[PDB]
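Participant: Next input, structure requested:
(2 chains)
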Amino acid sequence: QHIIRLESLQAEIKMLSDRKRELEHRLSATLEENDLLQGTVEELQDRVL
Amino acid sequence: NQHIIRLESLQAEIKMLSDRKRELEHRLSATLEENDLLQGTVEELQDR
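Facilitator: Numbering: from 1, shown residues only, chains lettered A, B, ... in the order given. Here you go:
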């Protein structure tokens, strides 16, 4: 029954690690997209000057 | 007994890597907030 308990807990912790990677990939993607938007905003700063 | 101790050790390692991923997520959120603060001050300058 402990084997059953381990099968019920290991998969949940693995899917939680996958969800942590989901937040990592999406926030890292928004950071890279924000850095690209920072480059375009720096071009807008060039437009400002 | 042997395989249960091994699998609990594996579950603890996945929890350790999960806490490391949590720290990485918090750091990425801090960088997002600080860069967005820079973008907000830039938009204020744009209003000027």
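Participant: C-alpha only now, for contacts and for neighbours.
Facilitator: Fine.
Participant: Kindly report the residues of chain B close to chain A.
Facilitator: Within chain B, the residues that sit near chain A (Cα under 8 Å from any Cα of the partner chain) are B:4, B:7-8, B:11, B:14-15, B:17-18, B:21-22, B:24-25, B:28-29, B:32, B:39, B:46.
Participant: Show me which of those residues are buried.
Facilitator: Neighbour counting over the residues of chain B next to chain A (16 or more other Cα atoms under 10 Å in any protein chain shown) leaves B:11, B:14-15, B:18, B:21-22, B:24-25, B:28-29, B:32, B:39 as the buried ones.
Participant: can you pull the contacts of the residue of chain A found nearest chain B?
Facilitator: Of all residues in chain A, residue A:17 sits closest to chain B, at 5.3 Å by Cα to the nearest Cα. When contacts are counted by Cα atoms under 8 Å, 6 or more residues apart in numbering or on different chains, residue A:17 touches B:14-15, B:17-18, B:21.
Participant: Repeat the analysis, applying 6 Å as the threshold.
Facilitator: Counting by Cα atoms under 6 Å, 6 or more residues apart in numbering or on different chains, residue A:17 touches residue B:18.
Participant: Just give me the residue closest to the centre of chain A.
Facilitator: Centrality entry for chain A: nearest residue to the mean C-alpha point is residue A:24, 2.2 Å, by Cα atoms, centre = their mean.
Participant: For chain B, which residue gets nearest to chain A?
Facilitator: Chain A sits closest to residue B:18 of chain B, with a gap of 5.3 Å, by Cα to the nearest Cα.
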